[PDB]
>>> print(open('final_22.txt').read())   # compact mmCIF, N, CA, C and O atoms and all ligand atoms
# COMPACT_ATOMS: atom_id res chain seq x y z
N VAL K 1 2.26 -12.01 -12.71
CA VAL K 1 1.16 -11.47 -11.88
C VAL K 1 -0.09 -11.14 -12.71
O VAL K 1 0.12 -10.57 -13.81
N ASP K 2 -1.29 -11.49 -12.34
CA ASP K 2 -2.55 -11.29 -13.08
C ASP K 2 -2.69 -9.82 -13.46
O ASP K 2 -2.75 -8.94 -12.59
N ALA K 3 -2.77 -9.51 -14.75
CA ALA K 3 -2.93 -8.14 -15.20
C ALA K 3 -4.23 -7.52 -14.70
O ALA K 3 -4.26 -6.33 -14.32
N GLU K 4 -5.34 -8.22 -14.63
CA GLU K 4 -6.59 -7.69 -14.18
C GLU K 4 -6.50 -7.43 -12.66
O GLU K 4 -7.03 -6.40 -12.27
N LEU K 5 -5.83 -8.22 -11.89
CA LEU K 5 -5.62 -7.97 -10.46
C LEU K 5 -4.89 -6.62 -10.30
O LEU K 5 -5.31 -5.80 -9.51
N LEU K 6 -3.81 -6.41 -11.06
CA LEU K 6 -3.07 -5.15 -10.93
C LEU K 6 -3.88 -3.98 -11.38
O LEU K 6 -3.85 -2.89 -10.75
N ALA K 7 -4.63 -4.11 -12.48
CA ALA K 7 -5.48 -3.04 -12.94
C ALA K 7 -6.57 -2.67 -11.90
O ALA K 7 -6.87 -1.50 -11.67
N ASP K 8 -7.14 -3.71 -11.31
CA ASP K 8 -8.11 -3.49 -10.25
C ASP K 8 -7.47 -2.75 -9.08
O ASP K 8 -8.04 -1.81 -8.51
N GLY K 9 -6.25 -3.18 -8.75
CA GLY K 9 -5.57 -2.56 -7.62
C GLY K 9 -5.20 -1.11 -7.89
O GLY K 9 -5.29 -0.27 -7.00
N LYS K 10 -4.83 -0.80 -9.15
CA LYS K 10 -4.55 0.59 -9.51
C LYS K 10 -5.74 1.45 -9.30
O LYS K 10 -5.66 2.59 -8.88
N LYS K 11 -6.94 0.94 -9.70
CA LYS K 11 -8.18 1.66 -9.55
C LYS K 11 -8.50 1.90 -8.06
O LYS K 11 -8.86 3.00 -7.71
N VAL K 12 -8.34 0.85 -7.24
CA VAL K 12 -8.61 1.03 -5.83
C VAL K 12 -7.65 2.06 -5.26
O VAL K 12 -8.00 2.91 -4.44
N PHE K 13 -6.35 2.05 -5.72
CA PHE K 13 -5.39 2.97 -5.23
C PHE K 13 -5.76 4.39 -5.59
O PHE K 13 -5.73 5.28 -4.75
N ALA K 14 -6.13 4.62 -6.86
CA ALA K 14 -6.54 5.94 -7.24
C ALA K 14 -7.71 6.46 -6.42
O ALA K 14 -7.77 7.66 -6.08
N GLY K 15 -8.67 5.58 -6.13
CA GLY K 15 -9.90 6.00 -5.45
C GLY K 15 -9.72 6.23 -3.99
O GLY K 15 -10.51 6.95 -3.34
N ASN K 16 -8.71 5.59 -3.36
CA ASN K 16 -8.65 5.55 -1.90
C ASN K 16 -7.33 5.91 -1.30
O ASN K 16 -7.25 6.21 -0.08
N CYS K 17 -6.22 5.82 -2.03
CA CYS K 17 -4.91 5.91 -1.44
C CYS K 17 -4.06 7.04 -1.97
O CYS K 17 -3.17 7.49 -1.25
N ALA K 18 -4.31 7.50 -3.18
CA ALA K 18 -3.48 8.53 -3.77
C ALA K 18 -3.57 9.87 -3.10
O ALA K 18 -2.68 10.70 -3.22
N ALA K 19 -4.62 10.07 -2.25
CA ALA K 19 -4.73 11.26 -1.48
C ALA K 19 -3.56 11.47 -0.52
O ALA K 19 -3.25 12.56 -0.15
N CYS K 20 -3.03 10.33 0.00
CA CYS K 20 -1.91 10.43 0.92
C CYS K 20 -0.64 9.78 0.36
O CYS K 20 0.41 10.03 0.96
N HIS K 21 -0.76 9.01 -0.73
CA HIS K 21 0.39 8.31 -1.24
C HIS K 21 0.60 8.64 -2.73
O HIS K 21 1.09 7.77 -3.46
N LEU K 22 0.31 9.85 -3.14
CA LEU K 22 0.53 10.25 -4.54
C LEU K 22 1.96 9.90 -4.90
O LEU K 22 2.90 10.24 -4.18
N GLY K 23 2.13 9.32 -6.08
CA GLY K 23 3.44 8.99 -6.61
C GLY K 23 4.12 7.89 -5.86
O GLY K 23 5.31 7.69 -5.98
N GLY K 24 3.42 7.17 -4.96
CA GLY K 24 4.06 6.21 -4.07
C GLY K 24 4.74 6.79 -2.90
O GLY K 24 5.44 6.06 -2.18
N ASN K 25 4.57 8.10 -2.65
CA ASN K 25 5.19 8.76 -1.54
C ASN K 25 4.25 8.81 -0.33
O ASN K 25 3.41 7.93 -0.19
N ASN K 26 4.47 9.76 0.57
CA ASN K 26 3.58 9.86 1.73
C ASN K 26 3.49 11.35 2.11
O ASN K 26 4.49 11.91 2.58
N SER K 27 2.36 11.97 1.85
CA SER K 27 2.23 13.38 2.13
C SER K 27 1.92 13.70 3.57
O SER K 27 1.79 14.84 3.94
N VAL K 28 1.67 12.65 4.37
CA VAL K 28 1.40 12.83 5.77
C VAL K 28 2.63 12.66 6.62
O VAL K 28 2.90 13.44 7.55
N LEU K 29 3.39 11.60 6.36
CA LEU K 29 4.62 11.29 7.10
C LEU K 29 5.63 10.92 6.05
O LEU K 29 5.64 9.80 5.53
N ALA K 30 6.46 11.90 5.63
CA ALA K 30 7.16 11.80 4.35
C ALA K 30 8.02 10.65 4.19
O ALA K 30 8.19 10.16 3.05
N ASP K 31 8.69 10.14 5.24
CA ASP K 31 9.62 9.06 5.06
C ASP K 31 8.98 7.72 4.77
O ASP K 31 9.58 6.82 4.24
N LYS K 32 7.68 7.56 5.22
CA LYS K 32 7.09 6.22 5.22
C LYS K 32 6.31 6.00 3.94
O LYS K 32 5.08 5.89 3.94
N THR K 33 7.08 5.97 2.84
CA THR K 33 6.51 5.86 1.51
C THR K 33 6.18 4.45 1.12
O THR K 33 6.41 3.48 1.88
N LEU K 34 5.70 4.28 -0.11
CA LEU K 34 5.37 3.00 -0.65
C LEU K 34 6.50 2.45 -1.52
O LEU K 34 6.33 1.47 -2.25
N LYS K 35 7.69 3.08 -1.45
CA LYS K 35 8.83 2.63 -2.21
C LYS K 35 9.50 1.50 -1.50
O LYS K 35 9.39 1.35 -0.25
N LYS K 36 10.23 0.63 -2.20
CA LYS K 36 10.77 -0.59 -1.63
C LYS K 36 11.66 -0.31 -0.45
O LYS K 36 11.59 -1.03 0.57
N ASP K 37 12.59 0.65 -0.55
CA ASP K 37 13.50 0.81 0.57
C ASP K 37 12.79 1.33 1.81
O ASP K 37 13.12 0.89 2.92
N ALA K 38 11.80 2.16 1.68
CA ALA K 38 11.04 2.65 2.82
C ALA K 38 10.24 1.54 3.45
O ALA K 38 10.15 1.39 4.68
N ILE K 39 9.56 0.74 2.62
CA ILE K 39 8.79 -0.39 3.17
C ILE K 39 9.73 -1.32 3.91
O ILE K 39 9.42 -1.78 5.03
N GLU K 40 10.85 -1.66 3.34
CA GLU K 40 11.80 -2.56 4.02
C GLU K 40 12.20 -1.96 5.35
O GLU K 40 12.40 -2.70 6.32
N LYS K 41 12.42 -0.64 5.44
CA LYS K 41 12.90 -0.01 6.64
C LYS K 41 11.85 0.18 7.71
O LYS K 41 12.09 0.05 8.91
N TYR K 42 10.59 0.47 7.30
CA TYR K 42 9.59 0.92 8.25
C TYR K 42 8.41 0.03 8.37
O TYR K 42 7.82 0.05 9.48
N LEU K 43 8.02 -0.79 7.41
CA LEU K 43 6.78 -1.55 7.55
C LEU K 43 7.07 -2.79 8.37
O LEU K 43 7.96 -3.55 8.10
N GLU K 44 6.22 -3.03 9.38
CA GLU K 44 6.36 -4.24 10.16
C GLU K 44 6.15 -5.43 9.23
O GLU K 44 5.11 -5.53 8.55
N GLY K 45 7.14 -6.32 9.17
CA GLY K 45 7.14 -7.44 8.31
C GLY K 45 7.93 -7.19 7.05
O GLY K 45 8.12 -8.15 6.30
N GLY K 46 8.33 -5.98 6.75
CA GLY K 46 9.14 -5.67 5.57
C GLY K 46 8.36 -5.78 4.28
O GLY K 46 7.12 -5.64 4.27
N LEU K 47 9.09 -5.97 3.18
CA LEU K 47 8.49 -5.91 1.86
C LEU K 47 7.91 -7.25 1.49
O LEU K 47 8.55 -8.09 0.82
N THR K 48 6.69 -7.52 1.97
CA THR K 48 5.92 -8.70 1.64
C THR K 48 4.47 -8.30 1.36
O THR K 48 3.98 -7.32 1.94
N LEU K 49 3.79 -9.12 0.58
CA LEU K 49 2.40 -8.90 0.35
C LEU K 49 1.66 -8.99 1.65
O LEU K 49 0.77 -8.19 1.92
N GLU K 50 2.00 -9.98 2.50
CA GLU K 50 1.32 -10.16 3.78
C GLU K 50 1.47 -8.91 4.62
O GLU K 50 0.49 -8.49 5.29
N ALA K 51 2.64 -8.33 4.66
CA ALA K 51 2.89 -7.16 5.49
C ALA K 51 2.08 -5.96 5.05
O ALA K 51 1.51 -5.17 5.80
N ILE K 52 2.04 -5.77 3.71
CA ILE K 52 1.34 -4.69 3.09
C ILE K 52 -0.16 -4.87 3.40
O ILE K 52 -0.83 -3.92 3.82
N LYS K 53 -0.68 -6.04 3.10
CA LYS K 53 -2.09 -6.31 3.30
C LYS K 53 -2.45 -6.12 4.78
O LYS K 53 -3.53 -5.61 5.06
N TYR K 54 -1.58 -6.54 5.69
CA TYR K 54 -1.89 -6.41 7.09
C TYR K 54 -2.10 -4.95 7.45
O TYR K 54 -3.02 -4.59 8.17
N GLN K 55 -1.18 -4.08 6.99
CA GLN K 55 -1.33 -2.66 7.31
C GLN K 55 -2.49 -2.04 6.60
O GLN K 55 -3.18 -1.13 7.14
N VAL K 56 -2.76 -2.41 5.36
CA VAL K 56 -3.95 -1.88 4.67
C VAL K 56 -5.20 -2.30 5.49
O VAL K 56 -6.07 -1.45 5.68
N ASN K 57 -5.26 -3.56 5.92
CA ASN K 57 -6.41 -4.01 6.68
C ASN K 57 -6.53 -3.29 8.02
O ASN K 57 -7.66 -2.87 8.37
N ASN K 58 -5.44 -3.18 8.78
CA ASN K 58 -5.52 -2.84 10.18
C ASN K 58 -5.03 -1.48 10.56
O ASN K 58 -5.28 -1.05 11.69
N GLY K 59 -4.44 -0.74 9.59
CA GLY K 59 -4.03 0.61 9.86
C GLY K 59 -2.81 0.72 10.69
O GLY K 59 -2.28 -0.24 11.27
N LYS K 60 -2.26 1.95 10.84
CA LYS K 60 -1.16 2.24 11.70
C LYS K 60 -1.04 3.72 11.88
O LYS K 60 -0.87 4.44 10.86
N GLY K 61 -1.13 4.27 13.08
CA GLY K 61 -0.98 5.68 13.22
C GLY K 61 -2.04 6.43 12.44
O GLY K 61 -3.22 6.20 12.52
N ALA K 62 -1.56 7.36 11.57
CA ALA K 62 -2.45 8.15 10.72
C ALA K 62 -2.79 7.42 9.39
O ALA K 62 -3.51 7.98 8.57
N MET K 63 -2.31 6.21 9.23
CA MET K 63 -2.67 5.30 8.08
C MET K 63 -3.99 4.70 8.54
O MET K 63 -4.00 3.83 9.45
N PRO K 64 -5.05 4.96 7.83
CA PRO K 64 -6.33 4.39 8.22
C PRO K 64 -6.37 2.87 8.00
O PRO K 64 -5.61 2.30 7.17
N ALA K 65 -7.20 2.16 8.81
CA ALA K 65 -7.50 0.74 8.58
C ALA K 65 -8.58 0.67 7.52
O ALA K 65 -9.54 1.47 7.56
N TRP K 66 -8.49 -0.27 6.59
CA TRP K 66 -9.44 -0.39 5.48
C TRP K 66 -10.28 -1.64 5.55
O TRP K 66 -11.17 -1.77 4.66
N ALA K 67 -10.05 -2.59 6.49
CA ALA K 67 -10.80 -3.83 6.44
C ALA K 67 -12.34 -3.67 6.59
O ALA K 67 -13.06 -4.49 6.06
N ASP K 68 -12.75 -2.56 7.17
CA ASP K 68 -14.17 -2.34 7.37
C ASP K 68 -14.67 -1.36 6.34
O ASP K 68 -15.86 -1.02 6.38
N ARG K 69 -13.82 -0.97 5.34
CA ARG K 69 -14.20 -0.01 4.35
C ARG K 69 -14.17 -0.49 2.89
O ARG K 69 -14.85 0.10 2.03
N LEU K 70 -13.34 -1.45 2.59
CA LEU K 70 -13.11 -2.05 1.30
C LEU K 70 -13.36 -3.54 1.44
O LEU K 70 -12.95 -4.12 2.43
N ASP K 71 -13.92 -4.13 0.34
CA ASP K 71 -14.10 -5.57 0.38
C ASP K 71 -12.81 -6.33 0.25
O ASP K 71 -11.74 -5.68 -0.05
N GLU K 72 -12.71 -7.64 0.47
CA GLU K 72 -11.53 -8.44 0.48
C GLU K 72 -10.93 -8.37 -0.90
O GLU K 72 -9.71 -8.27 -1.03
N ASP K 73 -11.69 -8.34 -2.02
CA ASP K 73 -11.13 -8.33 -3.36
C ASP K 73 -10.39 -7.00 -3.59
O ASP K 73 -9.27 -7.02 -4.14
N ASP K 74 -10.93 -5.93 -3.17
CA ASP K 74 -10.28 -4.60 -3.30
C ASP K 74 -9.05 -4.56 -2.44
O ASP K 74 -8.03 -3.97 -2.89
N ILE K 75 -9.04 -5.07 -1.24
CA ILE K 75 -7.87 -5.07 -0.41
C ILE K 75 -6.80 -5.93 -1.01
O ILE K 75 -5.63 -5.51 -1.08
N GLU K 76 -7.16 -7.10 -1.55
CA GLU K 76 -6.19 -7.97 -2.18
C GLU K 76 -5.60 -7.25 -3.41
O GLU K 76 -4.38 -7.29 -3.61
N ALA K 77 -6.47 -6.64 -4.19
CA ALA K 77 -5.97 -6.03 -5.42
C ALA K 77 -5.07 -4.86 -5.07
O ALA K 77 -4.00 -4.74 -5.69
N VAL K 78 -5.45 -3.97 -4.17
CA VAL K 78 -4.62 -2.78 -3.92
C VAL K 78 -3.32 -3.21 -3.26
O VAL K 78 -2.24 -2.62 -3.50
N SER K 79 -3.34 -4.29 -2.43
CA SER K 79 -2.10 -4.77 -1.81
C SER K 79 -1.19 -5.29 -2.87
O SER K 79 0.04 -5.05 -2.79
N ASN K 80 -1.70 -6.08 -3.81
CA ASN K 80 -0.86 -6.55 -4.89
C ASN K 80 -0.34 -5.44 -5.79
O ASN K 80 0.82 -5.50 -6.20
N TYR K 81 -1.11 -4.39 -6.00
CA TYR K 81 -0.63 -3.21 -6.77
C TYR K 81 0.49 -2.58 -6.04
O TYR K 81 1.55 -2.30 -6.63
N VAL K 82 0.34 -2.29 -4.73
CA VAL K 82 1.39 -1.65 -4.01
C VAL K 82 2.63 -2.54 -4.00
O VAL K 82 3.74 -2.01 -4.20
N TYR K 83 2.50 -3.82 -3.74
CA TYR K 83 3.64 -4.70 -3.75
C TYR K 83 4.36 -4.65 -5.10
O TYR K 83 5.56 -4.56 -5.15
N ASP K 84 3.57 -4.77 -6.17
CA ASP K 84 4.17 -4.78 -7.51
C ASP K 84 4.90 -3.48 -7.80
O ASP K 84 5.98 -3.50 -8.36
N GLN K 85 4.28 -2.39 -7.47
CA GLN K 85 4.90 -1.08 -7.67
C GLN K 85 6.20 -0.96 -6.91
O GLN K 85 7.22 -0.46 -7.40
N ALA K 86 6.17 -1.38 -5.66
CA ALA K 86 7.35 -1.27 -4.81
C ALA K 86 8.46 -2.18 -5.24
O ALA K 86 9.62 -1.76 -5.47
N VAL K 87 8.11 -3.48 -5.34
CA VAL K 87 9.19 -4.48 -5.57
C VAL K 87 9.84 -4.27 -6.92
O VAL K 87 11.04 -4.59 -7.08
N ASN K 88 9.10 -3.80 -7.90
CA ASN K 88 9.56 -3.59 -9.26
C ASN K 88 9.98 -2.15 -9.57
O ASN K 88 10.29 -1.84 -10.72
N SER K 89 9.93 -1.32 -8.51
CA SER K 89 10.35 0.08 -8.64
C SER K 89 9.60 0.80 -9.74
O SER K 89 10.25 1.43 -10.60
N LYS K 90 8.29 0.73 -9.73
CA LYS K 90 7.44 1.27 -10.76
C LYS K 90 6.83 2.57 -10.45
O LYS K 90 6.17 3.18 -11.31
N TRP K 91 6.99 3.11 -9.25
CA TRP K 91 6.34 4.33 -8.91
C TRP K 91 6.86 5.52 -9.68
O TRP K 91 8.09 5.50 -10.03
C1 LIG K 101 -5.29 2.90 0.28
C2 LIG K 101 -6.14 1.74 0.57
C3 LIG K 101 -3.92 2.88 1.00
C4 LIG K 101 -2.90 1.97 0.86
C5 LIG K 101 -2.81 0.80 -0.07
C6 LIG K 101 -1.87 2.39 1.76
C7 LIG K 101 -0.74 1.64 2.02
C8 LIG K 101 0.22 1.93 3.00
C9 LIG K 101 1.39 1.17 3.27
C10 LIG K 101 1.69 -0.14 2.60
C11 LIG K 101 2.08 1.84 4.20
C12 LIG K 101 3.45 1.48 4.85
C13 LIG K 101 4.52 2.42 4.20
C14 LIG K 101 5.80 2.42 4.96
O1 LIG K 101 6.86 2.92 4.40
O2 LIG K 101 5.90 2.02 6.11
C15 LIG K 101 1.33 3.01 4.59
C16 LIG K 101 1.73 3.92 5.53
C17 LIG K 101 1.03 5.07 5.83
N1 LIG K 101 -0.10 5.53 5.18
FE1 LIG K 101 -1.19 4.52 3.82
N2 LIG K 101 -2.26 3.52 2.45
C18 LIG K 101 -3.52 3.85 1.95
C19 LIG K 101 -4.22 4.98 2.34
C20 LIG K 101 -3.74 5.99 3.12
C21 LIG K 101 -4.44 7.27 3.32
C22 LIG K 101 -5.73 7.66 2.65
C23 LIG K 101 -3.64 7.98 4.15
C24 LIG K 101 -3.83 9.42 4.61
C25 LIG K 101 -5.08 9.77 5.24
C26 LIG K 101 -2.47 7.18 4.49
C27 LIG K 101 -1.49 7.54 5.37
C28 LIG K 101 -0.41 6.78 5.68
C29 LIG K 101 0.52 7.06 6.75
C30 LIG K 101 0.46 8.33 7.60
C31 LIG K 101 1.40 6.07 6.81
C32 LIG K 101 2.53 5.88 7.83
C33 LIG K 101 1.99 4.97 8.99
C34 LIG K 101 3.02 4.90 10.06
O3 LIG K 101 3.87 3.98 10.08
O4 LIG K 101 3.03 5.80 10.91
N3 LIG K 101 -2.57 5.96 3.84
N4 LIG K 101 0.19 3.05 3.79
>>> encode(input="final_22.txt", output="structure tokens")
Amino acid sequence: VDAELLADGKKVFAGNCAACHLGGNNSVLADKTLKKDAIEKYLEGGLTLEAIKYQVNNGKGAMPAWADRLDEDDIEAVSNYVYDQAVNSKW
């Protein structure tokens, strides 16, 4: 996986997502974390980059939609960061 893509995604995550997903968890709805088993259980589409990106773009519930707030490169990077963190158990 491109190291600069992940680094970019980490930065986007710190700036925009860690407020509700510190540590890969979820301070708003505790079960629906960014960890692999939670994503597999709760995210529509399961643990895929497409699924992650879809929810980052379009929101869900109290998860804000970001497609009108972040550019496509930031959305791609943060989705790849979250996927990498989850699939590789890096949180
Ligand atoms: C920052 C751009 C950001 C990302 C990235 C992100 C990702 C994300 C995913 C992938 C999920 C699904 C997790 C699951 O187990 O199902 C998810 C879910 C929720 N999020 Fe989020 N999220 C980002 C930002 C934020 C912010 C700033 C908040 C709080 C204001 C937030 C909240 C939540 C909530 C609530 C959920 C659960 C949605 C649901 O199914 O009800 N996210 N996020």
>>> residues_around(input="final_22.txt", residues="stretch 9-17 of chain K", least_positions_apart="4", cutoff="6 Å", atoms="only C-alpha atoms", output="NGL selection string")
:K and (21 or 77-78 or 81)
>>> closest_atom_pairs(input="final_22.txt", of="chain K", to="ligand LIG 101 (chain K)", cutoff="6 Å", atoms="only C-alpha atoms and all ligand atoms", output="CSV")
residue,atom,partner,partner_atom,distance
K:13,CA,K:LIG101,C1,5.5
K:16,CA,K:LIG101,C1,4.8
K:17,CA,K:LIG101,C1,3.5
K:19,CA,K:LIG101,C22,5.6
K:20,CA,K:LIG101,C24,4.3
K:28,CA,K:LIG101,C30,4.9
K:29,CA,K:LIG101,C30,5.1
K:32,CA,K:LIG101,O1,3.4
K:33,CA,K:LIG101,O1,4.1
K:34,CA,K:LIG101,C13,5.0
K:38,CA,K:LIG101,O1,4.5
K:39,CA,K:LIG101,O1,4.0
K:42,CA,K:LIG101,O2,4.4
K:43,CA,K:LIG101,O2,3.9
K:52,CA,K:LIG101,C10,4.6
K:56,CA,K:LIG101,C7,5.5
K:60,CA,K:LIG101,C33,5.0
K:61,CA,K:LIG101,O4,4.6
K:62,CA,K:LIG101,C30,4.3
K:63,CA,K:LIG101,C28,3.6
K:64,CA,K:LIG101,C20,5.9
K:78,CA,K:LIG101,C5,5.6
K:79,CA,K:LIG101,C5,5.9
>>> write_last_selection(input="final_22.txt", atoms="N, CA, C and O atoms", output="compact mmCIF listing (two decimals), keeping the file's coordinate frame")
# COMPACT_ATOMS: atom_id res chain seq x y z
N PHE K 13 -6.35 2.05 -5.72
CA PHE K 13 -5.39 2.97 -5.23
C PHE K 13 -5.76 4.39 -5.59
O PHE K 13 -5.73 5.28 -4.75
N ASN K 16 -8.71 5.59 -3.36
CA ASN K 16 -8.65 5.55 -1.90
C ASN K 16 -7.33 5.91 -1.30
O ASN K 16 -7.25 6.21 -0.08
N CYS K 17 -6.22 5.82 -2.03
CA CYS K 17 -4.91 5.91 -1.44
C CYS K 17 -4.06 7.04 -1.97
O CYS K 17 -3.17 7.49 -1.25
N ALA K 19 -4.62 10.07 -2.25
CA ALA K 19 -4.73 11.26 -1.48
C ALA K 19 -3.56 11.47 -0.52
O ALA K 19 -3.25 12.56 -0.15
N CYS K 20 -3.03 10.33 0.00
CA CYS K 20 -1.91 10.43 0.92
C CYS K 20 -0.64 9.78 0.36
O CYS K 20 0.41 10.03 0.96
N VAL K 28 1.67 12.65 4.37
CA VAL K 28 1.40 12.83 5.77
C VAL K 28 2.63 12.66 6.62
O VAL K 28 2.90 13.44 7.55
N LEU K 29 3.39 11.60 6.36
CA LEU K 29 4.62 11.29 7.10
C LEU K 29 5.63 10.92 6.05
O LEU K 29 5.64 9.80 5.53
N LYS K 32 7.68 7.56 5.22
CA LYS K 32 7.09 6.22 5.22
C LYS K 32 6.31 6.00 3.94
O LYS K 32 5.08 5.89 3.94
N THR K 33 7.08 5.97 2.84
CA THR K 33 6.51 5.86 1.51
C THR K 33 6.18 4.45 1.12
O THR K 33 6.41 3.48 1.88
N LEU K 34 5.70 4.28 -0.11
CA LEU K 34 5.37 3.00 -0.65
C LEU K 34 6.50 2.45 -1.52
O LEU K 34 6.33 1.47 -2.25
N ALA K 38 11.80 2.16 1.68
CA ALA K 38 11.04 2.65 2.82
C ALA K 38 10.24 1.54 3.45
O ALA K 38 10.15 1.39 4.68
N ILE K 39 9.56 0.74 2.62
CA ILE K 39 8.79 -0.39 3.17
C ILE K 39 9.73 -1.32 3.91
O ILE K 39 9.42 -1.78 5.03
N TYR K 42 10.59 0.47 7.30
CA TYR K 42 9.59 0.92 8.25
C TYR K 42 8.41 0.03 8.37
O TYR K 42 7.82 0.05 9.48
N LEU K 43 8.02 -0.79 7.41
CA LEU K 43 6.78 -1.55 7.55
C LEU K 43 7.07 -2.79 8.37
O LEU K 43 7.96 -3.55 8.10
N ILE K 52 2.04 -5.77 3.71
CA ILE K 52 1.34 -4.69 3.09
C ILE K 52 -0.16 -4.87 3.40
O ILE K 52 -0.83 -3.92 3.82
N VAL K 56 -2.76 -2.41 5.36
CA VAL K 56 -3.95 -1.88 4.67
C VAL K 56 -5.20 -2.30 5.49
O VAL K 56 -6.07 -1.45 5.68
N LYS K 60 -2.26 1.95 10.84
CA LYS K 60 -1.16 2.24 11.70
C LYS K 60 -1.04 3.72 11.88
O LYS K 60 -0.87 4.44 10.86
N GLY K 61 -1.13 4.27 13.08
CA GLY K 61 -0.98 5.68 13.22
C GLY K 61 -2.04 6.43 12.44
O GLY K 61 -3.22 6.20 12.52
N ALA K 62 -1.56 7.36 11.57
CA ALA K 62 -2.45 8.15 10.72
C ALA K 62 -2.79 7.42 9.39
O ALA K 62 -3.51 7.98 8.57
N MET K 63 -2.31 6.21 9.23
CA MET K 63 -2.67 5.30 8.08
C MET K 63 -3.99 4.70 8.54
O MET K 63 -4.00 3.83 9.45
N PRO K 64 -5.05 4.96 7.83
CA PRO K 64 -6.33 4.39 8.22
C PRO K 64 -6.37 2.87 8.00
O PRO K 64 -5.61 2.30 7.17
N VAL K 78 -5.45 -3.97 -4.17
CA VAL K 78 -4.62 -2.78 -3.92
C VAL K 78 -3.32 -3.21 -3.26
O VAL K 78 -2.24 -2.62 -3.50
N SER K 79 -3.34 -4.29 -2.43
CA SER K 79 -2.10 -4.77 -1.81
C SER K 79 -1.19 -5.29 -2.87
O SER K 79 0.04 -5.05 -2.79
>>> atom_distance(input="final_22.txt", atom1="atom O of residue K:2", atom2="atom O of residue K:46")
19.8 Å
>>> select_by_dssp(input="final_22.txt", residues="chain K", states="alpha helix (DSSP H)", output="PyMOL selection string")
chain K and resi 3-16+18-21+36-42+49-58+72-87
>>> atom_distance(input="final_22.txt", atom1="atom O of residue K:90", atom2="atom O of residue K:26")
16.5 Å
>>> residues_around(input="final_22.txt", residues="stretch 86-89 of chain K", least_positions_apart="6", cutoff="7 Å", atoms="only N, CA, C and O atoms", output="ChimeraX atom specification")
/K:34-37,80
>>> atom_distance(input="final_22.txt", atom1="atom CA of residue K:4", atom2="atom CA of residue K:76")
12.0 Å
>>> closest_residue(input="final_22.txt", among="K:83, K:40, K:67, K:73", to="residue K:5", atoms="all atoms listed in the file")
K:73
